[PDB]
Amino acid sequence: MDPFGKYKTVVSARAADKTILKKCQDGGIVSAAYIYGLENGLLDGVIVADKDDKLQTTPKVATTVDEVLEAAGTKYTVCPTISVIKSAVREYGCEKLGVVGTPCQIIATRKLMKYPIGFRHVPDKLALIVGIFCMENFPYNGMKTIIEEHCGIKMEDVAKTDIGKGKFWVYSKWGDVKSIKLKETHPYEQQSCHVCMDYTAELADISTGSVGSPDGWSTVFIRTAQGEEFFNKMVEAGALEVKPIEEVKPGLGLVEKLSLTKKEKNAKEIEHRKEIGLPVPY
């Protein structure tokens, strides 16, 4: 079982702008990439996740850095980022689009490009495809129940959530930090994620994540020639701080264990569905 798919280099990195770091989940790689492209004419639009005061997510095309800043942080709830990909190249008029999405949404983008039936003049305009790691998603009302009725903190007063370290973590604006075992957070997950076998967004230009890298830092896979040229251009400009993933802890060994834990667990779900007669992607 391969753990990461194809990639050129694995890196632990972080954004150089302090504004980004104050607003980002981990190392601010997505926001850093989007803002750099926009500011340097590499991109003219980017798909982002806008969040309502109560953490509801709405897809949006972005043409201003402020917009990118207005939407930095992880909402552990389903946001259809690819639903706006055509709108981006039509009315918005983008020709150098940036797209972000969980590994699945990246899979949708790659198929969307190879068989562009309903995507006339879309594929050529995709200028950078950023993938974020993902283990499991949740319906909004499911995450609402965990945070509010299992963790005490009310959604509005939530400021940052994070899974790992053995369980779920909700960080309150006011200052408290609550944790509940990850074993109780299972009943409320999107069950269509139990057939997903991509952890590190193996088909993105650039994949970025939290695990394997310390707090405030992001594990960054560089996969495609396009992602490499973009990633390098940022480094030569000083938009990123870069350390080898070997020199950093916990390191790639953690990504590998979480990735192959997802794959081995969900591959057994796939075989269970096949066994009882339910459809599985092929």
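Each residue number is its position in the shown sequence, starting from 1.
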Residue stretch of maximal mean CA temperature factor, 52-60 vs 37-45: 52-60
Avg C-alpha B-factor, entry values, 189-197 vs 161-169, higher side is 161-169
Based on the PDB entry, the highest CA temperature factor among the options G212, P116, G142, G98 is that of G212
Among the chain's modelled residues, which third holds the C-alpha B-factor of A71? highest
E91 by Cα B-factor - lowest, middle or highest third of the modelled chain: middle
Looking at the temperature factor on the CA atom of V78, which third of the chain's modelled residues does it land in? highest
Quick one: classify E156 as lowest, middle or highest third of the chain based on its Cα B-factor. highest
Assigned third (lowest, middle, highest) for the C-alpha B factor of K18: highest
